[PDB]
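# Examination of the molecular architecture
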Amino acid sequence: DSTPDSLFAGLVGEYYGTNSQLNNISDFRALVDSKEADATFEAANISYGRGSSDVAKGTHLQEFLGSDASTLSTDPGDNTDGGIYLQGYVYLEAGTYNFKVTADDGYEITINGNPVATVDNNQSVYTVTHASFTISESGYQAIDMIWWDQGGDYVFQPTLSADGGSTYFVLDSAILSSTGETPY
Ligand SMILES: OC[C@H]1O[C@@H](O)[C@H](O)[C@@H](O)[C@H]1O
Ligand SMILES: [Ca+2]
Ligand SMILES: [Ca+2]
Ligand SMILES: [Ca+2]
Ligand SMILES: [Ca+2]
Ligand SMILES: [Ca+2]
Ligand SMILES: [Ca+2]
Ligand SMILES: [Ca+2]
């Protein structure tokens, strides 16, 4: 547009809290669409939690975000339910990949507009090995994530494999870009 966006080795993060129930992806997306973010942050190391007693309460969000919490724009007030919306880019070579995500509650990850990892409901801590997807051309791929907590425990760690599920890595500053330019 007319405003420069910060270039960092991470995704652009937004946190939203609510006192309504989050049951599914559409509920969290409606929350995101309903207001300005309760806080913004840089999501440079996307391995959050685990903790207890509601992500949206007290300092639980800070604890959940860990290393990334130092970039919070503000300390949100309490809510019962809450979640994050992350957007930016991830450097991937052409090839085949799959996510394996540990989470409480649900989430959705999309790459180049296509969902590649989805849990459309609340759940206690579970790890799902998602189906494989292909990247046609090497470079920075567009990626967005949503995750939420309806209450209770909370964790979010979406790991990626490039080698058919033999090894997995966290998405972090090695490969993330907020704008699709290279972070130095
Ligand atoms: O489905 C029930 C589960 O819901 C999760 O949101 C919560 O973190 C768990 O502790 C358990 O209550
Ligand atoms: Ca801009
Ligand atoms: Ca919004
Ligand atoms: Ca707080
Ligand atoms: Ca941590
Ligand atoms: Ca930090
Ligand atoms: Ca709730
Ligand atoms: Ca929960």
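Quick note: structure is the one above.
In short, a report on the structure.

### Some words on the overall build of the protein chain
Looking only at helices and strands, the protein chain has 2 helices and 12 strands in total. In the protein chain, the succession of helices and strands from N to C terminus is β-α-β-β-α-β-β-β-β-β-β-β-β-β. In terms of overall size, the protein chain behaves like a compact globule, its C-alpha atoms giving a radius of gyration of 16 Å where 184 residues would be expected to give roughly 16 Å. On the protein chain, roughly 8300 Å² of surface is accessible, and the fraction owed to carbon and sulfur atoms is 43%.

### Comments concerning the coordination of the calcium ion (ligand 6)
Tetrahedral coordination by four donors sets the ideal angle at the metal to 109.5 degrees; octahedral coordination by six donors sets it to 90 or 180 degrees. Looking at the calcium ion (ligand 6), one finds its protein donor set to be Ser67 (O) and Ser70 (OG), positioned 2.3 to 2.6 Å from the metal centre. According to the relative accessible area criterion, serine 70 is exposed, its value standing at 66%.

### Some words on the site of ligand 1
In the vicinity of ligand 1, the contacting residues are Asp104, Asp105, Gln123, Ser124, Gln150, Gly151, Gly152 and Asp153. Interatomic distance of 3.2 Å between a backbone N/O atom of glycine 151 and an oxygen atom of ligand 1. Here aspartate 153 contributes a backbone N or O atom positioned 2.8 Å from an oxygen atom of ligand 1. Protein contact buries 58% of the 310 Å² of open area that ligand 1 shows by itself. Counted by class, the shell around ligand 1 contains no nonpolar, 5 polar and 3 charged residues.

### Some remarks on the environment of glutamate 14
Note on placement: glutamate 14 falls in strand β1 (residues 11-18). Judged by its relative accessible area of 22%, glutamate 14 falls in the partly exposed class. Counting along the chain gives 134 residues from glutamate 14 to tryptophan 148, while the straight-line C-alpha distance between them is 12 Å. Beyond its immediate sequence surroundings of up to four residues, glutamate 14 is in contact with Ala37, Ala39, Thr40, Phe41, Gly83, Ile84 and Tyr85. Looking at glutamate 14, its side chain comes within polar contact range of the side chain of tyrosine 16, at 2.7 Å.

### Description of the pattern of salt bridges
Inspection of every chain in the model, using the stated rule, returns 3 salt bridges. Here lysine 35 makes a salt bridge to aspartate 38, at a shortest N to O gap of 2.9 Å. By relative accessible area, which is 24% here, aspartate 38 ends up partly exposed.

### Re the pairing of strand β6 (residues 107-111)
Along any regular strand the residues' side chains alternate between the sheet's two faces. Counting buried positions along β6 yields 5 of 5 residues, so the element is predominantly enclosed. Burial along β6 is two-sided: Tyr107, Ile109 and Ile111 and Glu108 and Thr110, pointing in opposite directions, are all buried. Of the strand pairs in this sheet, β6 and strand β7 (residues 114-119) are connected by 5 bridges, and their pairing is antiparallel. What sits directly across from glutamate 108, in β7, is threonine 118. The antiparallel hairpin formed by β6 and β7 contains 2 residues in its connecting segment, where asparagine 112 sits at a positive phi of about 55°.

### As for the environment of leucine 22
By the element assignment, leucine 22 lies in the loop between β1 and α1 (25-34). Spatially, the C-alpha atoms of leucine 22 and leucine 7 are 32 Å apart, while their sequence positions differ by 15 residues. Residues in contact with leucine 22, not counting those within four places in the same chain, are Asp27, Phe28, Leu31, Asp81, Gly82, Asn122, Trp148, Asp149 and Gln150.

### Points about the nonpolar core
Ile46, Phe64, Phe99 and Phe156 are the most contacted members of the largest nonpolar core, which totals 39 residues. Other than its neighbours up to four places away in sequence, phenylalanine 156 contacts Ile46, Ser47, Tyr48, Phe64, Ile84, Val101, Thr102, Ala103, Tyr107, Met145 and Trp147. Membership of the second largest hydrophobic core comes to 8 residues, among which are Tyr16, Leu22, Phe28 and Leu31.

So, how was this worked out
Within each chain the first residue of the written sequence is number 1 and the count goes on from 1 in that order, possibly differing from the entry; residues lacking coordinates are omitted. Each chain takes a letter, starting from A, and each ligand takes a number, starting from 1, following the order in which they are written. For the side-chain quantities, the full set of heavy atoms in the structure was used; hydrogens and water were omitted. Strands here mean DSSP runs of E at least two residues long; helices mean DSSP runs of H or I at least four residues long; both are numbered from the N terminus. With C-alpha atoms as the basis for the radius of gyration, the globule rule is written as 2.2 Å multiplied by the number of residues raised to the power 0.38. A 1.4 Å probe and the Shrake-Rupley method give the accessible areas. Residues count as covered only by the protein chains that appear here. Only nitrogen, oxygen and sulfur atoms qualify as donors, and only when within 2.8 Å of the metal (3.2 Å in the case of Na, K and Ca); with water excluded, sites may look incomplete. Accessible area is worked out with a 1.4 Å probe on protein chains only. A residue is then buried under 20% of its type maximum, exposed over 50%, and partly exposed in between. Consider each residue's heavy atoms; a residue with any of them within 4 Å of a molecule or strand counts as near. In the analysis that follows, any N or O atom pair within 3.5 Å is treated as a polar contact, provided that within protein one partner can donate a hydrogen and the other can accept it, and provided that, for residues neighboring in sequence, both atoms belong to side chains. Residue polarity follows a fixed list, in which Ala, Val, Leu, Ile, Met, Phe, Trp, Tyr, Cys and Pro are nonpolar, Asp, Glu, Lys and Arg are charged, and the others, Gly among them, are polar. Note on contacts: a residue pair is in contact if any heavy atoms of the two residues lie within 4.5 Å. Counted as salt bridges are all cases of a side-chain nitrogen of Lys or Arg within 4 Å of a carboxyl oxygen of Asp or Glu. Pairing between strands requires that DSSP locate at least two bridges from one strand to the other. Put simply, a nonpolar core is a bunch of buried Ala, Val, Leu, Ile, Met, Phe, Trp, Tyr and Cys residues held in one set by side-chain atoms that sit within 4.5 Å of each other.

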